[PDB]
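The form deposited in one PDB entry is given below as one chain in structure tokens.
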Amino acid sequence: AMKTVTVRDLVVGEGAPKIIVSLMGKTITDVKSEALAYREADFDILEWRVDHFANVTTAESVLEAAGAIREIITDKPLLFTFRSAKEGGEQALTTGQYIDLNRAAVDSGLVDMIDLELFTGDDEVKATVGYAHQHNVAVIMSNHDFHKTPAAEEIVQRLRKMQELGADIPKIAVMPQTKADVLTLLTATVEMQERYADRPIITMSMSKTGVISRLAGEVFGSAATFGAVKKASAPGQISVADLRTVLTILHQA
């Protein structure tokens, strides 16, 4: 049976899917103005897309920015996410730099969760998951394909490997090229959820064509969904207000 994941008092895996929004700021000044602009938006988890932050290799700066968000947004769990260039991110980093950055986030005491990419390297992932858990920081383990939708079987295999590597919440986002691809993503979601999952999972088919996948998580088994405040962090994200509207209708229908 599926256990839930509680982050800064939000319980993920129960009830209606939770809404995650991404905050993107190049400088400390932008991060602060965006955080202020997000303050009153209707979402559940705040993801900080750190790869949008210039010169992330200056430790003191990343810390300062994290502290700035944490003081403006006091009522939401914070997810620290450096999306690698490999998986659609805005910046290149070495594996070493990537792991150091996430370990720095963990020991800061400022973040509730970190995002770690499944294909970073098994050894590095196991170690960083261990380090996170030792500091009471949850891990969303992710995989993204911005060009195509892999076969359902391959999608399920990846989500299963995320569980094996210790993810608190497995997450996969794929790009549909056809309408059938959207159904392939939902099939994988259902099969994973019904046969192998023992914790919450997050799945999505990107683009306007895949939008339905961001709304039907309650029936098909995705525990959270991404929405946009102003600009999307990945294609297909709709406004958090509209997202909450639909999720509530579906929760009570």
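Heads up, when I say rigid core I mean the largest set of C-alphas that superpose within 1.5 Å between the two forms. All residue numbers are counted from 1 along the displayed sequence.
Novice: Comparing 55 to 63 with 203 to 211, which has C-alphas lying farther from the shown form in 6 other deposited structures of this protein once the core is aligned?
Specialist: Relative to the shown form, the greater RMS C-alpha distance in 6 other deposited structures of this protein belongs to 55 to 63.
Novice: So 178 to 186 or 94 to 102, which one's hotter by mean CA B-factor in the entry?
Specialist: Higher mean C-alpha B-factor in the PDB entry: 94 to 102.
Novice: Determine, for stretches 194 to 202 and 58 to 66, which one has the higher mean CA B-factor as deposited.
Specialist: On average, C-alpha B-factors are higher across 58 to 66.
Novice: If I read the C-alpha B-factors straight from the PDB entry, which of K32, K208, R39, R49 is highest?
Specialist: Top of the list by C-alpha B-factor: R39.
Novice: Pick out which of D168, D122, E154, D145 has the highest C-alpha B-factor in the PDB entry.
Specialist: The record points to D122.
Novice: Just say lowest, middle or highest third for the CA B-factor of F82 relative to the other modelled residues in its chain.
Specialist: It belongs to the middle third of the chain when residues are ordered by C-alpha B-factor.
Novice: Using only modelled residues of the chain, where does the Cα B factor of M162 rank: lowest third, middle third or highest third?
Specialist: For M162, the deposited C-alpha B-factor lands in the middle third.
Novice: Considering only modelled residues of the same chain, in which third does the CA B-factor of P235 rank: lowest, middle or highest?
Specialist: It belongs to the highest third of the chain when residues are ordered by C-alpha B-factor.
Novice: Lowest, middle or highest third of the chain for the C-alpha temperature factor of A253?
Specialist: Its C-alpha B-factor belongs to the middle third of this chain's values.
Novice: How does the C-alpha B factor of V246 compare with the rest of the chain: lowest, middle or highest third?
Specialist: CA B-factor rank for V246: lowest third.
Only in words, not in the display: the form solved in complex with a small molecule, which the text now covers.
Novice: If you check in the bound PDB entry, is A173 within 4.5 Å of the small molecule, heavy atoms only?
Specialist: Yes.
Novice: My question is simply whether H144 lines the interface with the small molecule in the bound PDB entry - judged by any non-hydrogen atom within 4.5 Å.
Specialist: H144 belongs to the contact set for the small molecule.
Novice: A66: heavy atom within 4.5 Å of the small molecule in the bound PDB entry?
Specialist: Looking in the bound PDB entry, residue contacts with the small molecule do not include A66, since no heavy atom lies within 4.5 Å.
Novice: Under a 4.5 Å heavy atom criterion, is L185 part of the interface with the small molecule in the bound PDB entry?
Specialist: Result no; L185 lies far from the small molecule in the bound PDB entry.
Novice: Check each of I45, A197, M204, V31 and return the one that places a heavy atom within 4.5 angstroms of the small molecule in the bound PDB entry.
Specialist: Exactly one listed residue reaches within 4.5 Å, namely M204.
Novice: Which one, 92 to 100, 127 to 135, 144 to 152, 70 to 78, holds residues whose non-hydrogen atoms are within 4.5 Å of the small molecule in the bound PDB entry?
Specialist: Selected range: 144 to 152.
Novice: Can all three of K18, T189 and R244 be found with a heavy atom no more than 4.5 Å from the small molecule in the bound PDB entry?
Specialist: So, no: the whole triplet misses the small molecule.
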